[PDB]
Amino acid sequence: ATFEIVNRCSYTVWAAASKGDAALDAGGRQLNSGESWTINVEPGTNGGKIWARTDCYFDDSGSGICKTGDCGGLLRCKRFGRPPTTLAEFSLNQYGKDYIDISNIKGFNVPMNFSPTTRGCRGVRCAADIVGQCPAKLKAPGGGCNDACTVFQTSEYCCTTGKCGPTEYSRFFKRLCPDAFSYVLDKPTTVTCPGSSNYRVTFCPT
């Protein structure tokens, strides 16, 4: 499947694409304002994610650091990034269907739209000013709005026992972005698309 990744933000982001134990395509790239990056993702990929990183510095070997979404100090991510990270999540060609969603379970850094470019399903968006409105206890110094699990590390926020409810913190993310996951056992906002659909991820869509 093809994914087009577009940076419509007024600032540079460093896009990342990974399935946790390996890079998808090149795994990461700088995107100046307005730039588009097209990647190819193998059919059958389970548990892929795309995210943006902000305020990165890399050397000529591709080693460095970012203030949000850092993936072990590499430009080309093999592994998932450090919160806070707005997440585009996908599983492809699962018994004839693709499944897509946006998640705030690992916090929020950049607004995002995740839409199909082929027919047969709808897209999803989280484009509210979560960073601006972020509760004081969840604000990350480097930028962005952390999830409550990352900050407090409790069984209730992290849903460790498989039993957990919504919280004052999860309800904040849900209020601003109803179509994204706000906690692990949230009512699913997953969208079902035809198998082998193609997609576009836009940072700062509005």
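Sequential numbering from 1, following the sequence displayed.
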| remark: Mean Cα B-factor check, 189 to 197 vs 11 to 19, entry values; winner is 189 to 197
| Which is higher in the entry, the mean Cα B factor of 53 to 61 or that of 144 to 152? | 53 to 61
| field | From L138, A180, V41, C66, residue of greatest CA B-factor | value | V41
| Highest recorded Cα temperature factor - choice among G162, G165, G34, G28 | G162
| What third of its chain's C-alpha B-factors does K78 belong to: lowest, middle or highest? | highest
| query | Once the chain's modelled residues are ordered by C-alpha B factor and cut into thirds, is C121 in the lowest, middle or highest one? | reply | highest
| query | Sorting the chain's CA B-factors, does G72 end up in the lowest, middle or highest third? | reply | middle
| Taking the entry's C-alpha B-factors for this chain, is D129 in the lowest, middle or highest third? | highest
| message | Lowest, middle or highest third: which one holds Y95 when the chain's residues are ordered by CA B-factor from the entry? | response | highest
